[PDB]
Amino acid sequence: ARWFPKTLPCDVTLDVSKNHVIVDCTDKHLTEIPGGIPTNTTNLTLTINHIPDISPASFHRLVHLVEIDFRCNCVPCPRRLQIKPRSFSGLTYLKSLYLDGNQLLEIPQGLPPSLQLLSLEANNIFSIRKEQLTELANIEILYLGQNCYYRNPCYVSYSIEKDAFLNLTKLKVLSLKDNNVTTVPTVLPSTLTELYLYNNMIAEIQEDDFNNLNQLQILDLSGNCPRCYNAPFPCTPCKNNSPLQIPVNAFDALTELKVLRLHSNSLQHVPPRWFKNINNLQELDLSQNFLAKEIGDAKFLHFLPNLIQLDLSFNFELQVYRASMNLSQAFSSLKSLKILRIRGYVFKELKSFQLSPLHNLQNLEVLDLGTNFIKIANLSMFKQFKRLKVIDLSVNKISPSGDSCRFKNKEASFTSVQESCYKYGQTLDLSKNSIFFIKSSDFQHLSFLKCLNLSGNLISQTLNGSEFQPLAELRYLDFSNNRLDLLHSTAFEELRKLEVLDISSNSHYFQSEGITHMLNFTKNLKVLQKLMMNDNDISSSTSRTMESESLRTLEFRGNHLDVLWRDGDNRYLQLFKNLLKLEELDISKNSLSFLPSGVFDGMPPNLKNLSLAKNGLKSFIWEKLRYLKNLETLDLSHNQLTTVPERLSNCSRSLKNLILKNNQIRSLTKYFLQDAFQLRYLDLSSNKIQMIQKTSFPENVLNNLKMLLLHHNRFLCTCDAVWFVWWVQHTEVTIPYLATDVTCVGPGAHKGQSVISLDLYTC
């Protein structure tokens, strides 16, 4: 509630339905908590700052607070944060509290009984006692990880007294990652659901370690006795490179377990007895181990019928280069398997019969096989994997056939990189491979491919319309980081159903001058929608115009359009005129010092998104914008403009997203925003503007403005801008960083003063 604040430098978000008020003071360099904080707020953000300590009077009048965040307030900085006694007892409605990165020595006392979450990561608490945990009898989620490890050493092994967590009957999630823990803290409460003991120094597991945990769902034991070969981070192998000793009858009481992580445990064998009782396991991680021989046997896979995810990445043997992948026949028992990763299983040749166990997996979607240094791989063997969604053929050497400060979620699963080409259907990610030329015979029996990534292959070829013949249903093609010779306009002609084409980073042949550059090759593409050819350094073009009846988006950044539009050369003025359906242009970083007269007349009639960022436009004309009757998102950021148009209404009748970020403008015209009621977005940040007059900023236009930025510039706070001073502190226009970034240059003592906090009584 309370809607209107007075001088708070933190953003306020109101949710009437949720009855939640959010205050975000992230990255504000506040030495002390600012005054005037509303009593109706629910979430308080007090992240990285210069707060010396915490006082009971800080939250004296705040009784509705339900979330306090104090993450990374002192990253190892002055002395450690000190908390006065009874500093949290007054928050009866408190439910969540974060104290990560505060260099605390012991668990704070006096916490309210209503607390449900407590985070104490990146601290110096290496001792756990029941006396300090007595007050936390109603806690549900506990985060005590990253207290003693290589980044934040403490030189003392973690000590937990007997039955420390036993009386925490409400505990559900416990994390002890990177805490130098040697022994699992028995006895954990029976209500635990997620346990995170990974990246510790645990060497053995007892048979009664998880005897009472029946509701556990997620168990993590990574980093115990890890595989330290070629590790880019400090780690200590266990002795004799022994594996993490886990008894056969260890996961017996676990019946609701769903996620089990054993990554980087130096395991050599996986007994089937482990998975005898856990019949509902969904995700299993076994990466960074020594299970190369176990993959050939994989006898334990017969006890996982409901498995969804299986990770076996980077299990290669030392000084061993396998001739082929030895997949066990027990892989056919993974009926519900969806994602499979066999990376780091480096081998020479991949054959069709080696993937036979995966032929009957109906629910399999993703097959990851990248980073395996595969030399010989017949692509026609994938004709049986039509139901697969993503097939990974990454940096391995396949060649053509011959003749705590952020992330409030804390413990979260690894989110897979959702590439832009996955949404189009079947994907064959052949990026960074050893393919140096394209044959139509190689891609035979692959008409089902809706996607094909070939970035980084460094292919030097002159396509004439026959290489991608079998790819009849291809919709997305990636050809970045290659050497494409556009000597013919018939390239990609046989890709009838292609929609998006990426030929970026092909600067090699485009840099050479005097050779033909057929830029009209998009005419044959009937259903092409997006074309990305940026960072190509295109300086000449044999074709006068580019023709396309369906292209809508075109990226032409990082090229040389100045030479194409050189003074006295009108050949390429109407280069984009024939693109009738084009709606977005991205001609940026083209070293365009100036725009010759006539280019705007040659722009497509349906242009709607024009960008000229980072170009260096010394003088950009504005009366020529009348030609563009559909322009809405003109962008001139990071340019060297110096003059605003006399009347924006006379320039464009539809511009609504004008941007002039990081420009050099010292003053605005007296009628800059006169009768411009169609404008919605305006940006003038990072400029050299001095003052704004009333006649240039009418309130009628400013009322409908969604967002306006005037931060990080050189406004002068003198008596000549009383109207501006009154308006900035009495309007509802959303101006970000109003009290943090925009300051006053002068005069004299007014350096660094906040405009919204200015009250010139003498004026």
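Numbers follow the displayed sequence, beginning with 1. Whichever C-alpha set is largest while still superposing within 1.5 Å between the two forms counts as the rigid core.
Once the rigid core is matched, which of the two stretches, 527 to 535 or 678 to 686, lies farther off on average in 4 other deposited structures of this protein by C-alpha?
With the rigid core superposed, the C-alphas that lie farther in 4 other deposited structures of this protein are those of 678 to 686.
Please work out whether 689 to 697 or 563 to 571 has the higher root mean square C-alpha deviation in 4 other deposited structures of this protein relative to the shown form, with the rigid core as fitting region?
When 689 to 697 and 563 to 571 are compared in 4 other deposited structures of this protein, 689 to 697 lies farther out.
Other entries lacking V417, at least a third
In at least a third of the comparable entries (those modelling both sides of it), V417 has no coordinates.
Check: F620 without coordinates in a third or more of other entries:
Modelled in all the others, so no.
Deposited-sequence gap flanked by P85 and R86:
Unresolved stretch here: none.
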